[PDB]
Structure formats: C-alpha cells, structure tokens
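Enquirer: Protein chains in written order, with PDB author numbering: chain C, 0 to 274; chain D, -5 to 271; chain B, -5 to 273; chain A, -6 to 275.
For every residue, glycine included, the Cβ atom is placed at its ideal position computed from N, Cα and C.
Below: one structure in structure tokens.
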Amino acid sequence: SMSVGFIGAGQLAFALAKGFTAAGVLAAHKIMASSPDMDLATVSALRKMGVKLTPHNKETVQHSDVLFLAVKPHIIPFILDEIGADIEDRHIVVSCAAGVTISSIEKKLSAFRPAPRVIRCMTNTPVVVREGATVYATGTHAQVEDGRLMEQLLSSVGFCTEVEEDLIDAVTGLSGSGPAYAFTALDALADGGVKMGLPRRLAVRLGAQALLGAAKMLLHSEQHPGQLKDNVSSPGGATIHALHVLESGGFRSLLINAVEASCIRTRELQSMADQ
Amino acid sequence: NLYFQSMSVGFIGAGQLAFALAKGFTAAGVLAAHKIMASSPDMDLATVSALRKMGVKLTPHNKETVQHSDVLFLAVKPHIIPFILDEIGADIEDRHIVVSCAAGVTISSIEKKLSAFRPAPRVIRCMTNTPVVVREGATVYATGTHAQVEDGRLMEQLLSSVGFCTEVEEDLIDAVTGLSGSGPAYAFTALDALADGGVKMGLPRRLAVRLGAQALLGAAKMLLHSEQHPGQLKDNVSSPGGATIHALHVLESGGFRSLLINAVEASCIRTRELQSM
Amino acid sequence: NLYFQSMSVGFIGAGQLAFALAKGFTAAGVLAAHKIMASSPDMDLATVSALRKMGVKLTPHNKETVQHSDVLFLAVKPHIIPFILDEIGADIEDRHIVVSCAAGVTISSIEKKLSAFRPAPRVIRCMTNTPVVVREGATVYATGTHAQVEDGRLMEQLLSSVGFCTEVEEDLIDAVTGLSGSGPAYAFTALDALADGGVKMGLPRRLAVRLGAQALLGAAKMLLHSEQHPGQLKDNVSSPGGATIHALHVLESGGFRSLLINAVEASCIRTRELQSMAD
Amino acid sequence: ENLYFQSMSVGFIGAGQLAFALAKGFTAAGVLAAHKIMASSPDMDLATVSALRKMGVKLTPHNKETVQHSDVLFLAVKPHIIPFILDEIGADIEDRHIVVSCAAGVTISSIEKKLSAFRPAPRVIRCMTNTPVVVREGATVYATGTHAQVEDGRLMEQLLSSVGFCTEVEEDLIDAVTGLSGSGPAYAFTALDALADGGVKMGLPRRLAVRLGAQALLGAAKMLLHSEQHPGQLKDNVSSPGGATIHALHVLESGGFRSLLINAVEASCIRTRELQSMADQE
Ligand SMILES: CC(C)[C@H](O)C(=O)O
Ligand SMILES: CC(C)[C@H](O)C(=O)O
Ligand SMILES: CC(C)[C@H](O)C(=O)O
Ligand SMILES: CC(C)[C@H](O)C(=O)O
C-alpha cells in the first residue's frame, strides 16, 4: 500500500530494497530509486529485482510517501536544495546519511515549506539479509505515527529501535562500521585456519558459522559475554590458550580504538559540513 | 527422521558441551529430553542442575549411561578419556556408536582402548561448539575404522539439526578446534570489547551489546550468503575518506589480523599438545 | 565458638607464614598462643621476636617442636623440606598430622621420606597466603594417602578460622600457588602503583594509599557477595562517555589483562620447576 | 543508630547504578528505612529502577516530588544533566535541604551559582563515592559548600561512614579521588577477571579461580589497611628468594604493570576535569 522512494541508487538503497521485498513488506514495483549515474551495477541490480528507476530525483519525490535519502553525506545539502520545493505535507524524509543532523536537514527543507517531517536513521548493509542493526531519531515535526511506521518498516529487515539523536554518531562507529570489522576478522580467522592446514573454503565457512552462532547465542542469552566466554574455556584447554594470545596483543583495545575512530571521524566530517 | 525414531543418546560428562548439545537436540525436536541420559562425577554443578530441569535423566554411574544409550557422546576433558575408556570399555557393545568430543583425542587412541574388549568398536570423532544451543553450531566429524556408512550419515543428520555439519579427514580436526571450536570465545571477547567502545563513545551498555552482536550476526550471515570475498564485502562498507576506513586503519595498526591468526594457531597447537600427552 | 582444646600445633620454620598463621589462629581464638611452638635455625629473626610477644613457645630444635606437637606445619622453604624430613623423620608418631605448606613439594615426596622411618605418615599439603594474619586468607589443601577423613575435616576447620579454605585435588595446587599464593604480591604492587597515580594527580600519599586499598577491598567483597560476572560489575561502574571507561581503555591498550595472566602462569610454572628440580 | 532515630527522608534524583548502590547500602546499614527513600528518573524502564522498587524505595517520574519528600537530596545523574536538573527544581530547594552532588567533576561553585538565584544560602555538599557501598565497603570523600553548616558536614560523614570509609577533603582533590577510588572498583574487576583467566589457563575451574583471586585481593587490601608498613615491604615479605612470586612480579614489571595503573588514574581524573570544563563552556 505504501509508496517508498530512494534518492540514490547505491549499495544501501539496494540492500534496503532487497531486504524490504524479501520481507514481503514492500512490492518491488512500488519502489522507485533515482541515480545521477544510471550506469552503476546497483542500478542494474535494482532493475533486476523490479524496482522502478529514474534519473530525476523530482520523479522519486512525486512517486513516494516515504523518501529515503541514501546518498553520500556531502551530497545531502545538494539533494535538499534540488527537491525541497517538491516536498509536501504527506512526505516522510528519512536521511540514512552518516553524521548529517536532523537540524541541518530541517533548516534546508524549512526554507520551502514549514514543518518538514524528518527521521534520521543509521543502519548497515546486513539489511540485505534481513539482519540489519538500525537506530532512528524523530525530527521536530515528525508525527508519533511516523516513528512507529518507520520502526515497523525497519524492524522487518533486522533490529530497530528509537534513540536520542546524540547517540547516532556512536552507533555509526559500532554497528554502522561493525560489519567491516567482522569481515576483517573473518578473513584473518580463515588465514589462521589455512595456516593450520584447512582448505580456504572450509575455513571461511567455519569461521563465519562460529561468529554467527556466537552472536546469536549472546542475543538469545541473558548472560554477560564474559560469562559465555567462561563457558567455552575449559581449564588448561585450547580456547584459554588462544584467549591469552589475543589478550597479549591488546585485542580488546583495538576494537575499542575502531569504534572510537569511526565515531570521531563521523563527528569530524559533519563539523566540516556545518562549516 | 527414521535415524531418530527410537535412538537413545547418552553423555559421559554433564558439563557445558553436554548441556549445549542436549538443549540443541531437544529444541530441534530430534530427541525427547527423557531419551537423553548424562553422567557426572559431581552432581553439584550448575550444568547438571539445568539438565535436570530440562527433563534429562542424570546418574552418577557412567555404566548406566552406556547401557541406556545407542549413541554415546564423550564430553569430558581429554585427559579423562583413557580413564573413562578403562571404566566402561567392557560395557561397550557392537550396537554402540562412541562419539568423542574431546579436543585432541585421536580415533586411534580410542579404538586401541576399546578393541581390547570387543574387536570392532564404532568410533566417531567430533568437534562442535557451544552455539549448538541456538541451533547455529559448527561441527565437523571423522569416522573411525569400524564405523558403518550409516553411522556417518546418522552423525551428519544428528549434528546438522543444530547447525552446520560436514565430514572431514581426522587430520583437520585440531585446526578446526582452533577455528570454530574456540571461535565463539574470540567472538564473545570481541563483542565485550566492541560494547566497551560503544560505551566509551556514549552509548548505554545494553544498547551497545545488542548493536555489536547484531552487527556481527548480520555480517557473518552476509558472508555465508554471498559468493564474494570477505575483502570485497569489506571494500563495499568503506566509503572513501569515511568513518569505516578510518576505523579499519586503527585495527590494521595494531595487527588485528595477526592476533586472530595467532589465536587459531595457539588453540590448534595446544590441541596437538593435549593429544601428545 | 570454635576452640581446639586437645590440639597442640607446631611450626617448623618461624618466618612470615608461621607468624601469619599463629597470629591468625590466636586472633581467631581457636588456639591459645602457649599451645603453639615454633622452631627456627635463626633465633634472631624479626618474625621470631614477634612470636615471642604473642606468647608462642620458641625453641631452636625441630625435634622439640615435633615432640610438643600433634599438628605439625612445615613452614620452611621448599628446598629445606627434605633435610627437615631426614632430621625429624624418626620422631614422627601415629598421632602426628604433617601439614606441608611449602610451594611445589608433593605429598608423594613427603610420604616417601617419612615412610622410611614409620609407615603410614598422615600428610596434608596446604597452600595458603599471608592474609591469614588478618583472617582473610585463601587456603586450599589436599589429603595424603594415609590421612583419615577426620584429619582433613580438622585441618579445614582450623584453616577456615583464618580465611577461605577448601579441599582440592593435589594437581591443582601449583596453579593455586600462582593465583592466590602469589596473588597478594600482585595486589601490593597494584596498590603502590594506584597510589602513585593518585599522587601524580594531586592526592597526598597517605590518602591515596587508603583510598586505593579501600577500592580494592570493596570491589573484591562485592564480587565475593555477588552472583554476577566481574564484567557485569565492571559495566555498572562505567557510565557512558565517563571517567571510568576512559581509564579502562588505557588499561586495555597496555594489555593489562595479559600481564595478570602472565603472572599466574609464571608463578605456577616456577612452582612446577622448583619441584622438578627437587626430584 | 543515632542516625536511624533522626528519621531522615532521603531523595535521589537519578535512579541508576549509584542511587541503587547507595540505597542498598543505607538500608543494609539500618540507617534508613527503604520507604523513607524516594528516587526519580525520566526512564522508569531501567533495571535499577525495578530493583529499587523491590527494595521498597518510593519511585516517581517527577523530580519535584523527590525534592519535596527529601531532607537530604542526592544528585545522582550524569554530569551534563546537572544544570538541567538545577534549572528544573531550583525553585523547589528549601532552606532545610542539604543538596549532595555525586556527579563527577561538577563543582560546588557551579551548583551554588544555579541554586543561589532562588534561595540565597543553598546548603551544598560535593561527594565522590563508589559502588562497593552496596556491601558497606565504599570509599567516599566529600567537600562542604559555602553555606553548609558544620553540622551538615558531620551529618554527611555519619551517613556515608555507615556504608564504608568516609573523610572530608578540599574540593580540589575530588577529581583525583574520582580517578583512584571512584573508578577503582572497575580496575579491580578487570584485574579479577584476568587473574581468573590465568587460573583457568593453568588448570583451575573457573568458579574456584574467581573465588581464590577475589579472596587474594580482599585479604591483601585488608592487610595493607591494617598495617603501618609500606606496600613494597608487604610485597617483599611475600617474595621468597628465587621463588614463584618474584618470578611472577618480574613479568608484571616487564609489561609496565605499574605504569598502566598510573595511566588509568590519570585518564579517569583528566576525563573528569573535561566533563566539567565542557559543561563550564556550555
Ligand atoms: C573443545 C575445545 C574447543 C575446548 O573448548 C577447549 O577449550 O579445549
Ligand atoms: C555507514 C558508514 C559507517 C559507512 O560505512 C561509511 O564509512 O561512510
Ligand atoms: C567514576 C564515576 C564518577 C563513574 O563511574 C564514571 O565513570 O563517571
Ligand atoms: C608459596 C609462594 C606463593 C611464595 O610466595 C613463594 O614465592 O615462594
């Protein structure tokens, strides 16, 4: 029933559209995506799944009730200037761009019509397999039903919860960048399996399965990750020997460093944008 | 499903792995909790308390578990295996499939002990992990000298009900131990640290734990469902000049990859040690 | 309301551990100082002068300690134990319970020496630590081949009066040595360093020592009285974006956890070495 | 005992970990009845809130009700929230109130500046305590404000002494105390988790390793508190020549163990000064 549009036809638009249609919450023919470079492979992949495509951002606005801004953050101000006069009372504008504040979006759109309905979200690529992690904050003029609607839609493709907007840059450093930390870890674990004699294909499968199962255990347990760790570690055994070498390298500190670096870079980029 | 029609399972050991497998098997609906028996020298453990509430029959006598079981899981520390085999070895019958879950303990060592009692013991060596409790385990197995072809198939059916399962040659199992056997502990360490990072940057602990676990689960599922190399999936996350590539740099500067290689290696080498002694 | 009216305790050795146990036992009220005897080859020790103030009986001669005592603590350095056993082996009687506190020294080695003189020596191996002096020790023990069930129950009753005490299998004792035997030294090092940190940030040394020690005492008590994982208690300290989580990050960046694992391992390995050199 | 018969009403603005720990400690000490405590929170869905409710503490979403109920009012919210709180309930602070700020870094001066716009002589005490008040072994320091009476400081010390060590300090020491004993229990929990991992590596069951390590730390801390000897002298007494302990102390030294704990106290103290200097600019 709902009309959804994507300004930007890149990886996030594809991941969301694929997740939404796989969830059955949207029909692909009721989704429109716009792109300045109608030659990207994501544009061909979106066409393959049945999404309507166009090179005119104005056409996406006119087709859509819910409008996802899935362009790079530095492109958001240009998009808002281009379509701001075409936003109407019915529109919910959902910015997925890292760093970009609700304030900055509302300021641009309010020059055209007052009370723009804005939602800011931070999600990640695993929405493509319906296991995303999404947070959102509601704007000044977002109606109560707007937030509930967005949580219903985004919950179909993974975890979703409302947050205060000032948490979103930190979320970006944790679950926004998080999949890349995991892909790095899985490549390295597979290298370790190969060093010890496993075929690469088996090593990749087992490492990914180990990470998936541990993550699901933690999500389904009431227990602290340290207690679950204690349960793996038999006295004098193989696991506790491996945990020691992780500790000796400061493994934990590197992951803290990563979340911090991603969060700080997100803040830094938006400070550059506000100036 | 005919494999599991009237099959009885027994656990020698009532620790973390016996609970995890029993919880996995029952949640999968392949075996009924009362068709499972576990034996422990210390009934005062927390795992023994949960198994009891599950409906799993407990006993202090390993011989009772052997007589009641068709498939017999050995879920004890590797150094107890030869003392267990001496105890119940005269009770192992031709009908038994003995599944050793101990790290390092070789099929050959088990067959040598049991062949002194009856000449063709059916032995399978297995390496699994605790996420079988949520039916997302990672399991490999190797079949012994006298294991029948249906024994391997039954093993694969049973262990596939609680996660990934594949047959391997036995000489890969120590390496699998270092990767997916110990793997969940690396992940739990990583998730604790990632949550600490979220807390440092201002998130509540409960939200940080949930987001980090969901990110890891989703990334792992993406890789399992993709034909692309993990490096290509990584490249797709990292926009030029962006937050993710800045974070990946600090991981690289601390040798993040080498620590995980070190871990797989250290767990595998310890597993070889536990066998050689 | 515990008191061992028929027990005479002897210490061979009058060093730190003998004083600590005698002080703990007497402060607990379970033993009168005059029913305790200690022997030492160096009668001019600081710990010897302190035992005398408590009223403990002192003698230079280990044979007198043996003759006076029913429960005999061997509180000497590990390499001295075999010389001690040769010296008093012929004086061990049926009534004696020999409690070895020496790190590394196996029940088997003690029983082999003593059995040359009289079969069936009653031997218990103990690993305890200096905080027994304030009745907050951590003690494990393992019972020997010829120790009766009541011997272990008695020693657990005695050692529980000065702290935590539990029976373990003997093959755990070298690892316990690396954890709770050496543990108090790890804590004293940490408390000195924490106080230096407080002083760097402007606190008087005396206050910094007091606050750091109270922080460690309270946290340890919290964990002992809680069913929660130390990571959960840690999480409760750490407010988002706050002071504590910033400090935890710098501990992690230096591999703080790995150093403590290194320490337990090094103490345990050295304990195993010392014994393997003895045999 | 003398405090119990004072029949004091206590309020907490904030119903998080510190409010729970102090409420738990005060009620376990017998100085306060649980139902004489009221706590408020903008989020009533917290686990600490449910624990307070089970204890019998009164809970309300309205800070004004906590203020009106209280004689001693603890501010147990995050530092950046304190000025919003003071704006909200400043007009409700009465001459009879003692206002006790627990927030890291927040200065007496900043609190008095807000509250003085309403009544002229707000009685303010700044304290830094820690979570082991829950087992009555906290470490607490406090500094008295401009208008706190001598009886106010003495009442504060009596109250906080019921749940651990408590002493008055000059306010300029509190940021350093925060880095030492405020954050200190988290350093100890990290150390205990690691020591237990070490015990497990060397073959102990986890439960025993946790118990032994915590007992070792408790006993050592108590030894130091009851000794007039330097911690280096107590360390020397543990370490027999050539023995296991001195080998372990060497590997601690080779990793810079001492420097890491100095780094920790410094980092916590510096962050505490930043939390204030940030809010000061704002
Ligand atoms: C089986 C293995 C992975 C076990 O967890 C160990 O730590 O030895
Ligand atoms: C979503 C965000 C974290 C993206 O990965 C980036 O680096 O811009
Ligand atoms: C140390 C205290 C003030 C609190 O635990 C924090 O981390 O801010
Ligand atoms: C028994 C051991 C812990 C003692 O401290 C030593 O170093 O010999």
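#1: Indicate the three-state DSSP secondary structure (helix, strand or coil) for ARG89(D) in the structure shown.
#2: Do you know offhand how far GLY49(C)'s Cα is from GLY177(C)'s?
#3: Out of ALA97(B), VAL60(B) and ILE75(B), state which residue places its alpha-carbon closest to the alpha-carbon of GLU87(B).
#4: Let me make sure I understand the geometry here. Which of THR100(A), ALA141(A) and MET195(A) has the alpha-carbon closest to that of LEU166(A)?
#5: In angstroms, rounded to a whole number, what distance separates the CA positions of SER109(A) and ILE91(C)?
#6: Any heavy atom of ligand 2 closer than 7 Å to the CB of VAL231(D)?
#7: State the DSSP-derived secondary structure class of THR238(A), mapped to helix, strand or coil.
#8: Could you check how far apart the C-beta atoms of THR265(A) and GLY98(A) are, in whole angstroms? I think they sit under 8 Å.
#9: What does the Cβ neighbour count give for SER270(C), buried or exposed, with the cut at 16 atoms within 10 Å?
#10: Anything in the region 81 to 110 of chain B with a Cβ closer than 9 Å to a Cβ of chain A? List those residues in chain order, please.
#11: Which bits of chain A does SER220(C) rub up against, with CB to CB less than 9 Å?
#12: Is the beta carbon of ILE104(C) less than 8 Å from the beta carbon of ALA141(C)?
#13: Compute every distance between the C-beta of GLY192(B) and the non-hydrogen atoms of ligand 3, then say whether any falls below 7 Å.
#14: For ligand 3, I want to know if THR171(A) counts as a neighbour, meaning its beta carbon is within less than 7 Å of at least one of the ligand's heavy atoms.
#15: With H, G and I counted as helix, E and B as strand and the rest as coil, what does DSSP make of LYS29(D)?
#16: Taking DSSP as the reference, what is the three-state secondary structure of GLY146(D)?
#17: Taking its Cβ as the centre, do 16 or more other Cβ atoms sit within 10 Å of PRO115(A), making it buried, or is it exposed?
#18: Count the CB pairs spanning the region 30 to 47 of chain A and the region 3 to 10 of chain A that are closer than 8 Å, and state whether there are at least three.
#19: Quick one: any contact between the region 199 to 218 of chain A and the region 209 to 226 of chain B, if contact means 3 or more CB pairs under 8 Å?
#20: Are three or more beta carbon pairs between the region 193 to 204 of chain B and the region 235 to 250 of chain A nearer than 8 Å?
#21: Check whether the Cβ of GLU267(B) lies closer than 8 Å to any Cβ atom in chain C.
#22: What separation, rounded to the nearest whole angstrom, lies between the Cα atoms of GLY83(A) and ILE75(A)?
#23: Using a threshold of 8 Å, state whether the C-beta atoms of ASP85(C) and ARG251(D) are closer than that.
#24: Classify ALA207(C) as helix, strand or coil using the three-state DSSP reduction.
#25: Determine which residues share a DSSP beta bridge with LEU68(B) and list them.
#26: Per DSSP, which one or two residues make a beta bridge with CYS159(C)?
#27: Beta-carbon within less than 8 Å of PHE111(A)'s beta-carbon, same chain only, minus the 5 sequence neighbours each way: which residues are those?
#28: Between which two residues does the alpha helix (DSSP H) harbouring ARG251(D) extend?
#29: Cα separation between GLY23(B) and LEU11(D)?
#30: I believe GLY248(C) touches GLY249(D) by the beta-carbon criterion, under 8 Å. Please report the beta-carbon distance rounded to the nearest angstrom.
#31: Going by DSSP, what residues sit across from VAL128(C) in a beta bridge?
#32: With a threshold of 7 Å (Cβ to nearest heavy atom), would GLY236(B) be considered close to ligand 3?
#33: Under the rule that 16 or more other beta-carbon atoms within 10 Å means buried, what is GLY172(B), buried or exposed?
#34: Take residue 309(D) as the anchor and find which of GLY175(D), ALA169(D), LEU153(D) and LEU245(D) has the nearest alpha-carbon.
#35: Could you tell me if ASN(-5)(A) is buried or exposed, where buried requires 16 or more neighbouring beta carbons within 10 angstroms of its beta carbon?
#36: In angstroms, rounded to a whole number, what distance separates the CA positions of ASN123(C) and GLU267(D)?
Expert: Here's the rundown:
#1: coil
#2: The straight-line gap from Cα to Cα measures roughly 30 Å.
#3: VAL60(B)
#4: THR100(A)
#5: 46 Å
#6: yes
#7: helix
#8: Between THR265(A) and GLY98(A) the beta-carbon gap is near 4 Å, inside 8 Å, which marks them as a contact.
#9: exposed
#10: Cβ contacts with chain A: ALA97 and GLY98.
#11: Simply none; closest approach about 16 Å.
#12: no
#13: No - ligand 3 has no heavy atom lying nearer than 7 Å to the Cβ of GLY192(B).
#14: yes
#15: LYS29(D): helix per DSSP, three-state reduction.
#16: helix
#17: buried
#18: Enough Cβ pairs lie closer than 8 Å, so yes.
#19: yes
#20: no
#21: no
#22: 11 Å
#23: no
#24: The DSSP-derived three-state label of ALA207(C) is helix.
#25: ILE6(B) and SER94(B)
#26: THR133(C)
#27: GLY83, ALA84 and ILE86
#28: 250 to 270
#29: C-alpha separation (whole angstroms): 47 Å.
#30: Taking the Cβ atoms as the reference, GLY248(C) lies roughly 6 Å from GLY249(D), within the contact range of under 8 Å.
#31: Beta-bridge pairing links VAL128(C) to no other residue.
#32: yes
#33: buried
#34: Here chain D has residues from -5 to 271 only, and residue 309(D) is not among them.
#35: With a threshold of 16 other beta carbon atoms within 10 Å, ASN(-5)(A) falls short and is exposed.
#36: 42 Å
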